[PDB]
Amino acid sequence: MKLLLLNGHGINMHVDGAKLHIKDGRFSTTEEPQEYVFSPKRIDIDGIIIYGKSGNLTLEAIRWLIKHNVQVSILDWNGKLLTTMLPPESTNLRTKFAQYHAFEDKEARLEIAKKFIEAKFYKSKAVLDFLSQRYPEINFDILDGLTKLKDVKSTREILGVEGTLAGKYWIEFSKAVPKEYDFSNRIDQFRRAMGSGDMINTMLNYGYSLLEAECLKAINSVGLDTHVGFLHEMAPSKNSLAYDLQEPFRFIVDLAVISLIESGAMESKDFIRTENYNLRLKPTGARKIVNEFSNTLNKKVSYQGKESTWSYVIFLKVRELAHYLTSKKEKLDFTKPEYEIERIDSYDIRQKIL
């Protein structure tokens, strides 16, 4: 599988005499962005993905593309797919179908489902292990979970282990949240996180949507169906595959949230309260979260030789998952790359000793 990913302002696609020309849109303070010239006898690209602001596609260039069996997919701002021009005869749909056979296969489904929650538990320990500055009894038990996880028979049995562990995690996380916040519990009387009335749960709920957004962008940038999950069961209006992909990356929003609390960026004027008593975010607060999420997300990580951003790593993993379905990879692992950060400067410790 080989795709060209196009971002920024000014995505141009035209044909200067049989040679297809592609200008990736710039996002920087107006500099020189990547240019591409394709031969009508060598093009390897199986598809083009456009998560772009502005851009001009010339008619001849769309035609050339179709004639060369290049799919053109246009993503919308939210990572959700806007439209796609699929050429006749394209091994591209193999990916969506491999995914569907796998979902329909008990043995397979389970294995992939397990491969998502396995990672969640690792990243969950990493979060709470990093609570070294909030060391008052933050004790976490991951192998306990993991062992049960290796032996689970059903998909629900997974949710069981996922959940049991989750509850314990939230109790520990809460030890880092000041009393004033009123982080009562992560879930309502119906065991749902939805419709938050407290700040932290509102922060986390908005945080997670931004993560889901990336998962949507990543998935669609890879040729899979967002609606068919392995751990999460498909149902109308449920972006199930995204909900799966979120599980190995939730740690990023949990960190961002904690980072905001840590500083105290959160003010009361950042929130609003619905006629239904829910606590929504005022734009000021909505920004404070996008900005930190983007920062935590644009941190780089050492993986597969290169040092790359977390956002690229989500794409990398879903690309991996996709290949695994095709059999263009015989090993799947959302546990790698791992996460960690040493003591928040020698200052925080040396100053505290007073």
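Residues carry their position along the shown sequence, with the first being 1.
When the mean C-alpha temperature factors of 126 to 134 and 106 to 114 are read from the deposited coordinates, 126 to 134 comes out higher. Two stretches are in play, 117 to 125 and 135 to 143, and the higher mean C-alpha B-factor belongs to 135 to 143. Of the candidates 240, 268, 278, 209, the deposited coordinates give 268 the top C-alpha B factor. Comparing the listed residues 321, 48, 301, 290, the entry records the largest Cα B-factor for 301. Ranked against the other modelled residues of its chain, the C-alpha B-factor of residue 41 as given in the entry falls in the highest third. When all modelled residues of the chain are sorted by CA temperature factor, residue 148 is found within the middle third. Looking at the C-alpha B-factors along this chain, the one for residue 263 belongs to the highest third. In this PDB entry, the Cα temperature factor of residue 87 sits in the middle third of its chain's modelled residues. Among all modelled residues in its chain, residue 353 ranks in the highest third by Cα B-factor.
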